[PDB]
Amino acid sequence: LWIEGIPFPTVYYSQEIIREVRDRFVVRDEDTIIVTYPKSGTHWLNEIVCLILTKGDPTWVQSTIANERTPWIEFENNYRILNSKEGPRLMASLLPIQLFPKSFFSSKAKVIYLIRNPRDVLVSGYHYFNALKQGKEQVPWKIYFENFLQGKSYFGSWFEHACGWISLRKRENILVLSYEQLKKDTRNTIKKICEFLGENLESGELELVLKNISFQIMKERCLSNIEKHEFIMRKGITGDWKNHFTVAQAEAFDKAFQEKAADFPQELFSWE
């Protein structure tokens, strides 16, 4: 289904809902949003955000689900519950910039946009989208590669979703993060988001938020609902694409990228 020329999953979304979210859904200055592209460490960051809030106690995140923890605006009829006004409102989304609520661009509510190596995103998506895809209807590696190179993937081309969203990286209320800088520069990134959010830490609580976000701890984690509960934590490693991209595929990816996103490749593109 192409909703406003955008590819979505076949359920949990509608045109009336996604159109209503872009033009008339209203964000308060006190509402926070976690916007990401799929297979980029979405659940990781979400859990880090909640674990700072609880001062590192993981009991809350064990008895909850990411959607039922940070509801997703465009997800089904969730926006109806979200219209209830409760001071601070924590939400999440996966939308590219052109379809994000137009109202947000005139208000200064806080947004965290997470990014990851598209090749690692490609590899992470390939595994997950083929984990439990009716057995042998599972897509081969080449089909998936050329499908990612074109825009044929959920929530659009990774380039347009990113280019549109990262055109605001130097804006006041925009915080851009990388999955890579969370793997390499882990504790000093949490100190940096705490500076953008005014939430402060004590030298005991820091060693607690940081313990329970580790892959292994998070790997051992309430109700398993409709989505895959166990095939989410696959590797958690950075640069697994080198185990998947042939050299001819890495050249075809480097030429598409070096042509598509021309203006942004300076900092944050330091993953290597």
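One-based numbering along the sequence shown.
None, 1 to 3, 4 to 9, or 10 or more: how many residues of the deposited sequence lack coordinates between residue 69 and residue 70? Nothing is missing between them.
Please compare 259-267 with 6-14 and name the stretch with the higher mean C-alpha B-factor in the deposited structure. Averaging CA B-factors over each stretch, the winner is 259-267.
Taking the recorded C-alpha temperature factors, which stretch has the higher mean, 239-247 or 45-53? It is 45-53.
Can you pull the Cα B-factors for 109, 95, 177, 122 from the entry and say which is highest? Spelled out: the listed residue with the top C-alpha B-factor is 109.
Top residue by Cα temperature factor, when 167, 181, 134, 117 are compared in the entry: So the option with the highest C-alpha B-factor is 134.
Sorting the chain's modelled residues by C-alpha B-factor, tell me whether residue 74 ends up in the lowest, middle or highest third. Lowest third, going by the recorded CA B-factors of the chain.
Looking at the C-alpha B-factor of residue 58, is it in the lowest, middle or highest third of its chain? Middle third by C-alpha B-factor.
Looking at the temperature factor on the CA atom of residue 152, which third of the chain's modelled residues does it land in? As the PDB entry reports it, the C-alpha B-factor of residue 152 lands in the middle third of its chain.
Relative to the other modelled residues of the same chain, rank the CA B-factor of residue 146 and answer lowest, middle or highest third. Within its chain, residue 146 is a lowest-third residue by C-alpha B-factor, going by the deposited values.
Where the record places residue 102 (Cα B-factor, split into thirds across the chain): CA B-factor rank for residue 102: highest third.
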